[PDB]
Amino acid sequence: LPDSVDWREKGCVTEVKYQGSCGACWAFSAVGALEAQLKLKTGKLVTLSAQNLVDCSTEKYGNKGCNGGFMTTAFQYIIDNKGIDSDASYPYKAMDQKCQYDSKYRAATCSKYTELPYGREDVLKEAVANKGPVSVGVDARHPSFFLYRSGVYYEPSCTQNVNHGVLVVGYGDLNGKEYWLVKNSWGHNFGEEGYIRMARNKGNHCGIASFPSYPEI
C-alpha cells in the first residue's frame, strides 16, 4: 500500500464547509464521502447537499437534523430516495427545514455502503488507499480539538468513544509521526485550512477507526 495518500491531489475533495451552530457534522461527512465517489465515477467534482440530509434523512433514519445523526443512515436515505441534490440547488442553512428534495436537481446516487471492522486502522488504511475517502466518527469532546492549529494531533485524554463525524481523505507521516488526514466541517479557519492530522497507529486514537464507512455509486 502507498505510504502516503491525499485524495485532495486527485481532485476528489470539495471545499471545506462550515456547519455553524448546527450539529450537521454527520451530513457533511456523508456527502464528503459520496462527493469523492462521484468524482471517481463521473470525472466531475460537485458539492452535494448536506442540508438535503438534514431536512430529509430524519426519524426513519434515526437522525435528528441539527441535533445529530449517522453517516450510515444518511447513505441509506440516499439509497432509498434514489438520489441527493447538489449543494448549489439545495444550500446549507444550518437549520432544520422541511424536506424539499427535488429529483430535477439530483447530482448523485448511492447503491450501497460498506462498514469497516471496529478499531482496525490497517483495514481503514487499505480502504482509504484503494476505495477513497472514508466517513468516521472521532472523539472531539476535548477542548484541544477545536484549538488544534497544526502538526499531528495527539490528545492523551482521548478515548475510543466517538461523537463527531468527519472524513478521512488521506494518511501519511510528519517526520515519523504517522497520521490520518481528516477533513472537518468547521470552516477554512479551523486547523490546517480546515483539516486536522490525527495520530495514526496509536491504538485507535480518538476512536478514528471505531466506525468507518464509505458509500459506492
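Each residue number is its position in the shown sequence, starting from 1.
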**OP:** Select between 98 to 106 and 119 to 127 the stretch whose C-alpha atoms have the higher average B-factor in the entry.
**Re:** 98 to 106
Subject >> 29 to 37 versus 159 to 167 - which carries the larger mean C-alpha B factor in the record >> reply: 159 to 167
Original post:
Taking the values straight from the PDB record, which of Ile196, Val16, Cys22, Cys206 has the highest C-alpha temperature factor?
Top reply: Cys22
Original post:
In the PDB entry, which of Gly191, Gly69, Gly187, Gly176 has its C-alpha at the highest B-factor?
Top reply: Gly176
Subject >> Third of chain Cα B-factors occupied by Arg200 >> reply: lowest
Original post:
Against its chain's modelled residues, does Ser135's Cα B factor rank lowest, middle or highest third?
Top reply: lowest
Original post:
If you rank every modelled residue in this chain by C-alpha B factor, which third holds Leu53: lowest, middle or highest?
Top reply: middle
Original post:
Sorting the chain's CA B-factors, does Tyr61 end up in the lowest, middle or highest third?
Top reply: highest
